[PDB]
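*Asks:* Dropping a structure here in C-alpha cells format, bear with me for questions.
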Amino acid sequence: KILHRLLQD
Amino acid sequence: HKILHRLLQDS
Amino acid sequence: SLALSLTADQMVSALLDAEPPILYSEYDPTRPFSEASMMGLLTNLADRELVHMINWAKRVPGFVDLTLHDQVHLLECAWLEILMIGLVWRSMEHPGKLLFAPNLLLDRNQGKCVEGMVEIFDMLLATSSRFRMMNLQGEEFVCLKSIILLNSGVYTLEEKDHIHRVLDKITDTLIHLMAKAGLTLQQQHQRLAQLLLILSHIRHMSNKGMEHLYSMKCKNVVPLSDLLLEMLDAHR
Amino acid sequence: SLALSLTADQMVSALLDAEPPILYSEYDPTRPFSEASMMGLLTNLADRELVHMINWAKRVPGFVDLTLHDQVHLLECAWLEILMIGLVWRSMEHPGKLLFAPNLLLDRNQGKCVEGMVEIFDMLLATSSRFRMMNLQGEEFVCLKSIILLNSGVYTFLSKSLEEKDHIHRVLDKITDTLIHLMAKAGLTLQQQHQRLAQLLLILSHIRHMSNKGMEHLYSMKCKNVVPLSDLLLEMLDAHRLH
Ligand SMILES: C[C@]12CC[C@@H]3c4ccc(O)cc4CC[C@H]3[C@@H]1[C@@H](O)[C@@H](O)[C@@H]2O
Ligand SMILES: C[C@]12CC[C@@H]3c4ccc(O)cc4CC[C@H]3[C@@H]1[C@@H](O)[C@@H](O)[C@@H]2O
Ligand SMILES: [Cl-]
C-alpha cells in the first residue's frame, strides 16, 4: 500500500 | 407543502 | 430573544423537559429477522420518532424565533444525527448493543442482516463506548443534541447571528455543568473539546447512514413513509 | 512521550514550523477549461500535496508515536478534510473565490464546469467566509488542522469494539490547552475563550461533512472515467467506501 511505503520514507 | 412544514406549523 | 435571557440552570431544565418519549418497536420477539424486515422495523421506528423530534425541536430555546423556512432546513440537515445521538445515548448502558427500542436491542451481528449496515453499527457502538468512557451525563447529552440541531445547517444574517448567540449560550451551559461537577478550568475546556469533537464523528455517521438509507430506498428493500422520503430527498 | 511534555508555546512552534509549502497547479491559460481538464488540475494538485501532507503529519507531535497501521488509518480518514481546511485557509483573503493555488483562483461559476462540484464549492466558500468573520489566526488554524489529523479516524479504531487510544486523546487534550492558551494571550475573557473554542470545533463538523460530499464527488468522477487518478489517490479514495 502506497501510503504505507511513503510513511516509512 | 412539505410534510415537515405542516408538522412544524401544527406543534 | 427569551433564550438569551435564560440562566444556565433554566436552560438545562428547559431541555430536560423538552425530551421526546422513548418509543417502542412493533417487533414480535418470537419472529426471526430478514433484511427487508429489519429495515422495516428500523424505518417504521425512525418515522414515528421524527414526529416527536419536531415537537422537541420547537421546545429548544431560540428555535421558534427562526423562520419556518430555517426551521425546516435545520431539521432536514440534522434529523439523522439527532436520531443517532439519541440511539447512542440509550445504548450507553448496553456495551456491544444498540438499544433502538426497549424491545429491539441489537448486537453488531444482527446488523449483518442488512447489506452495508454493519459498518455503521460499528461506528454507532464506538460512539456509545466513548460516551460510556467519558461518563457522559444526561444534562450534557441534551445540550449536545440541541447543538446538533442548531449547528448542522447554519453554514448551509440576523438569523445567523441569533443562532450563534444561542449556540454560545448552550456552550455556557455545558461549561456551567462541568464547573458544577467540580472540574478544574483546564478539565472543563478539555471535556468541552472532547464532546464537540464527537459531533464530528456523529456528522460522519449521519452522512454514511444517509447514503445507506438511499441505497435501501432504491433497491426497494423497504417502503418508506412520505415524511422519510422527504427527509431523505432533502439530502439530494 | 515527547508531545505530552511540550509547552503551549512549544506546541505552536512545532506546528507552525511543520507547515507544508503552497504548491502550484499546472494550469495552462492557453486552453479553456473542460470538466475533464479542471478535474485533472485539481487532482494533480491534490496528489502532489499529499506527499507534503505525509511529511507534515510525521511532524505533528505524537503522530510518529503510533504504529504504521495507525498512521495509515488516520491519514486515510483525514486527508480530504486536511486539504479542504488548507484550501479554505488560503482562500480567506479572497472573498468569493477559492485559492487552490496561486495560479488557480476559481469562483463558483468556474466550479460549475464540473458536474456536481458547485455545491461543494459553495460550502467551501461559506467556510472561508466564516473563518474570515471569526478572524481565524494562523496559530489557531494549525491547531485545528492537527486536531483533524488526530481526531477524524480515532473512533474507528475498532479492535470490533473501540480500542482505548488514550495516547491520541492525551495529545488532543494538549492541543485544546494550546488553543486556550493562544486565546488567553490574545486577550479574550474566560467566557470568550470557551465560546470561541466551541465555535472553532463546531466548524470541524462542517469540514467533515464537506469531506464526505467531496469524497462521494471524487468517486463519481472516477466511476465516470472523467480523470485518471494517481495510484495514491485511488488508494486513499478506496479507503473510504462508496457506492
Ligand atoms: C437510517 C438507518 C435506519 C434507521 C436507523 C435508526 C432508527 C431509529 C433510531 O432512533 C435511530 C436510528 C439511527 C440509525 C438509522 C439507520 C442508519 O444507520 C442507516 O444505516 C439506516 O438506513
Ligand atoms: C476532491 C476534489 C478534487 C480535489 C480538490 C482539492 C484539491 C487540492 C486542494 O488543496 C484542496 C482540494 C479540496 C477540494 C477537492 C475536491 C472536492 O471538492 C471534490 O468535489 C473534488 O473531486
Ligand atoms: Cl409510537
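Quick note on naming: the chains in the C-alpha cells go A, B, ... in the order shown, residues restart at 1 in each chain, and ligands are numbered from 1 in order of appearance.
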If you count only C-alpha atoms and all ligand atoms, which residues end up within 10 Å of ligand 3, as number ranges by chain?
*Replies:* C: 21-26, 44-45, 47-49, 51-52
*Asks:* List as an NGL selection string the protein and nucleic acid residues near residue 237 in chain D, meaning an atom at most 12 Å away when only C-alpha atoms are counted, but skip any in the same chain fewer than 3 places from it.
*Replies:* (:A and (3)) or (:D and (43 or 47 or 75-80 or 211-212 or 214-223 or 229-234 or 240-243))
*Asks:* Around ligand 2, which protein and nucleic acid residues have at least one atom no more than 10 Å from it, if we count only C-alpha atoms and all ligand atoms? List them as a PDB file with C-alpha atoms, in the first residue's frame.
*Replies:*
```pdb
ATOM      1  CA  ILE D  22       1.940  26.267  -1.048  1.00  0.00           C
ATOM      2  CA  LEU D  23       2.151  24.359  -4.346  1.00  0.00           C
ATOM      3  CA  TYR D  24       1.314  25.462  -7.891  1.00  0.00           C
ATOM      4  CA  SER D  25      -1.143  23.890 -10.247  1.00  0.00           C
ATOM      5  CA  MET D  38     -10.477  21.042 -14.363  1.00  0.00           C
ATOM      6  CA  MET D  39     -10.705  17.702 -12.514  1.00  0.00           C
ATOM      7  CA  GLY D  40      -7.211  16.984 -13.870  1.00  0.00           C
ATOM      8  CA  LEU D  41      -5.684  20.170 -12.497  1.00  0.00           C
ATOM      9  CA  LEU D  42      -7.341  19.684  -9.094  1.00  0.00           C
ATOM     10  CA  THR D  43      -6.384  16.022  -8.692  1.00  0.00           C
ATOM     11  CA  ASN D  44      -2.845  16.589  -9.986  1.00  0.00           C
ATOM     12  CA  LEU D  45      -2.555  19.300  -7.327  1.00  0.00           C
ATOM     13  CA  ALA D  46      -4.073  17.161  -4.531  1.00  0.00           C
ATOM     14  CA  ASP D  47      -1.746  14.311  -5.425  1.00  0.00           C
ATOM     15  CA  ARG D  48       1.343  16.477  -5.089  1.00  0.00           C
ATOM     16  CA  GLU D  49       0.053  17.994  -1.803  1.00  0.00           C
ATOM     17  CA  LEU D  50      -0.463  14.523  -0.319  1.00  0.00           C
ATOM     18  CA  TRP D  79      -6.652  13.537   4.090  1.00  0.00           C
ATOM     19  CA  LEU D  80      -9.543  15.356   2.278  1.00  0.00           C
ATOM     20  CA  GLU D  81     -10.559  17.275   5.357  1.00  0.00           C
ATOM     21  CA  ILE D  82      -6.976  18.414   5.685  1.00  0.00           C
ATOM     22  CA  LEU D  83      -6.718  19.515   2.024  1.00  0.00           C
ATOM     23  CA  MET D  84     -10.002  21.331   2.481  1.00  0.00           C
ATOM     24  CA  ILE D  85      -9.138  23.152   5.677  1.00  0.00           C
ATOM     25  CA  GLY D  86      -5.886  24.255   3.992  1.00  0.00           C
ATOM     26  CA  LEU D  87      -7.813  25.456   0.927  1.00  0.00           C
ATOM     27  CA  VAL D  88     -10.324  27.444   2.985  1.00  0.00           C
ATOM     28  CA  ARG D  90      -5.623  30.128   1.748  1.00  0.00           C
ATOM     29  CA  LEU D  98     -11.104  29.524  -3.739  1.00  0.00           C
ATOM     30  CA  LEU D  99      -7.328  29.753  -3.949  1.00  0.00           C
ATOM     31  CA  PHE D 100      -6.493  26.161  -4.899  1.00  0.00           C
ATOM     32  CA  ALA D 101      -3.064  27.513  -5.745  1.00  0.00           C
ATOM     33  CA  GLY D 111     -16.679  25.415 -10.469  1.00  0.00           C
ATOM     34  CA  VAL D 114     -17.526  20.142 -13.303  1.00  0.00           C
ATOM     35  CA  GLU D 115     -20.744  18.191 -12.757  1.00  0.00           C
ATOM     36  CA  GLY D 116     -21.722  18.117  -9.081  1.00  0.00           C
ATOM     37  CA  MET D 117     -18.832  20.277  -7.908  1.00  0.00           C
ATOM     38  CA  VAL D 118     -20.530  23.675  -7.438  1.00  0.00           C
ATOM     39  CA  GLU D 119     -22.459  22.550  -4.335  1.00  0.00           C
ATOM     40  CA  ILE D 120     -19.220  21.648  -2.609  1.00  0.00           C
ATOM     41  CA  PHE D 121     -17.527  24.838  -3.854  1.00  0.00           C
ATOM     42  CA  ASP D 122     -20.361  26.764  -2.206  1.00  0.00           C
ATOM     43  CA  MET D 123     -19.801  25.035   1.136  1.00  0.00           C
ATOM     44  CA  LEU D 124     -16.061  25.760   0.892  1.00  0.00           C
ATOM     45  CA  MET D 210     -17.730  18.699   3.154  1.00  0.00           C
ATOM     46  CA  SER D 211     -15.106  15.942   3.037  1.00  0.00           C
ATOM     47  CA  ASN D 212     -17.793  13.249   2.848  1.00  0.00           C
ATOM     48  CA  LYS D 213     -19.558  15.079  -0.001  1.00  0.00           C
ATOM     49  CA  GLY D 214     -16.255  15.682  -1.859  1.00  0.00           C
ATOM     50  CA  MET D 215     -15.208  12.051  -1.444  1.00  0.00           C
ATOM     51  CA  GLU D 216     -18.519  10.985  -2.989  1.00  0.00           C
ATOM     52  CA  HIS D 217     -17.998  13.506  -5.786  1.00  0.00           C
ATOM     53  CA  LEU D 218     -14.448  12.301  -6.447  1.00  0.00           C
ATOM     54  CA  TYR D 219     -15.633   8.663  -6.515  1.00  0.00           C
ATOM     55  CA  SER D 220     -18.243   9.705  -9.044  1.00  0.00           C
ATOM     56  CA  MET D 221     -15.609  11.262 -11.304  1.00  0.00           C
ATOM     57  CA  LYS D 222     -13.529   8.091 -11.131  1.00  0.00           C
ATOM     58  CA  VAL D 227      -9.998  11.778 -14.905  1.00  0.00           C
ATOM     59  CA  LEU D 233      -5.341   8.941  -4.855  1.00  0.00           C
ATOM     60  CA  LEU D 237     -10.333   7.047  -2.086  1.00  0.00           C
TER      61      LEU D 237
END
```
*Asks:* Residues up to 9 Å from ligand 1, counting only C-alpha atoms and all ligand atoms: could you list those as a PyMOL selection string?
*Replies:* chain C and resi 22-23+39-50+80-88+99-101+114+116-121+124+205-206+208-217
*Asks:* Quick one: residues within 12 Å of residue 10 in chain B, only C-alpha atoms, excluding same-chain residues fewer than 5 positions away - as a ChimeraX atom specification?
*Replies:* /B:3-5 /C:51-52,54-55,58,68
*Asks:* Keeping only N, CA and C atoms, write those residues as a PDB file, in the first residue's frame.
*Replies:*
```pdb
ATOM      1  N   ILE B   3     -44.263  17.812   4.176  1.00  0.00           N
ATOM      2  CA  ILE B   3     -44.897  17.310   5.396  1.00  0.00           C
ATOM      3  C   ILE B   3     -44.299  17.977   6.636  1.00  0.00           C
ATOM      4  N   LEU B   4     -42.987  18.164   6.610  1.00  0.00           N
ATOM      5  CA  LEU B   4     -42.259  18.765   7.721  1.00  0.00           C
ATOM      6  C   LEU B   4     -42.757  20.184   7.990  1.00  0.00           C
ATOM      7  N   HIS B   5     -43.069  20.904   6.923  1.00  0.00           N
ATOM      8  CA  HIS B   5     -43.662  22.229   7.030  1.00  0.00           C
ATOM      9  C   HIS B   5     -44.956  22.179   7.840  1.00  0.00           C
TER      10      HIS B   5
ATOM     11  N   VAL C  51     -41.791  12.436  14.261  1.00  0.00           N
ATOM     12  CA  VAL C  51     -42.904  13.307  14.626  1.00  0.00           C
ATOM     13  C   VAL C  51     -42.643  13.941  16.000  1.00  0.00           C
ATOM     14  N   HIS C  52     -42.090  13.172  16.931  1.00  0.00           N
ATOM     15  CA  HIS C  52     -41.780  13.682  18.261  1.00  0.00           C
ATOM     16  C   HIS C  52     -40.553  14.629  18.238  1.00  0.00           C
ATOM     17  N   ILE C  54     -39.833  16.727  15.945  1.00  0.00           N
ATOM     18  CA  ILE C  54     -40.345  18.055  15.613  1.00  0.00           C
ATOM     19  C   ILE C  54     -40.899  18.826  16.798  1.00  0.00           C
ATOM     20  N   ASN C  55     -41.697  18.162  17.647  1.00  0.00           N
ATOM     21  CA  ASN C  55     -42.156  18.804  18.879  1.00  0.00           C
ATOM     22  C   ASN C  55     -41.024  19.154  19.786  1.00  0.00           C
ATOM     23  N   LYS C  58     -39.191  22.272  18.651  1.00  0.00           N
ATOM     24  CA  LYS C  58     -39.899  23.510  18.909  1.00  0.00           C
ATOM     25  C   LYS C  58     -39.742  24.010  20.328  1.00  0.00           C
ATOM     26  N   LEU C  68     -40.031  29.717   9.653  1.00  0.00           N
ATOM     27  CA  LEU C  68     -40.455  28.372   9.352  1.00  0.00           C
ATOM     28  C   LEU C  68     -39.495  27.758   8.346  1.00  0.00           C
TER      29      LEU C  68
END
```
*Asks:* For residue 133 in chain C, which residue among D:152, D:185, D:15, D:164 is the nearest when counting only C-alpha atoms?
*Replies:* D:164
*Asks:* Where does chain D meet chain C within 6 Å, residue by residue, with the nearest atom pair and distance in Å to one decimal for each, counting only C-alpha atoms, listed by chain and rising number, as a tab-separated table?
*Replies:*
```
residue	atom	partner	partner_atom	distance
D:162	CA	C:126	CA	5.1
D:173	CA	C:190	CA	5.7
D:195	CA	C:168	CA	5.7
D:205	CA	C:200	CA	4.2
```
